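Listed below are the residues making up each chain.
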Amino acid sequence: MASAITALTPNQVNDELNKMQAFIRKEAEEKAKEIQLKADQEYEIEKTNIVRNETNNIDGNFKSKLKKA
C-alpha cells in the first residue's frame, strides 16, 4: 500500500486524528440531534397550533353563524 517507508505516518498523527475525529464526531452528532429535535419539535408544535387554531376558528364561525341564523 505504498506504506513501506513507514516514516510519513508517525504515532502523533494517529492519536491526533483519533481524539480530533472523536471530538468532531460527538460534537457534530450532538449538534445535529439538538437542531434536528428542535426543528422537528417546533415544526410539529407550530403545525398543530396553526391547524388547531384554524379548525377551531372556522368551526366556531360556521357554528356561530348557523346557530345565530
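The residue numbering used throughout counts from 1 along each chain in the order its sequence is written. It may not match the entry numbering, and residues with no coordinates are not shown. Hydrogens and water molecules were not included; the side-chain quantities draw on all heavy atoms of the structure.

The protein chain is annotated in the PDB entry as V-type proton ATPase subunit E from Saccharomyces cerevisiae. Anyone opening this PDB entry will find it titled "Structure of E1-69 of Yeast V-ATPase".

Asks: Got a sec to walk through the UniProt feature "coiled-coil region" in the protein chain? Specific residues and values, please.
Replies: UniProt positions are given in the numbering used here, feature names are shortened, and annotations may be inferred rather than shown by experiment. Mapped onto this numbering, the UniProt entry annotates "coiled-coil region" at residues 15–45. Secondary structure follows DSSP: runs of H or I at least 4 residues long count as helices, runs of E at least 2 residues long count as strands, and numbering of each begins at the N terminus. Along residues 15–45, the helical share is 100% and the strand share 0%, with 44 Å between the first and last C-alpha atoms.

Asks: Tell me about the environment of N18, residues and numbers included.
Replies: Its place among the elements puts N18 in helix α1 (residues 11–68). In this structure the C-alpha to C-alpha distance between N18 and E34, which are 16 residues apart in sequence, comes to 24 Å.

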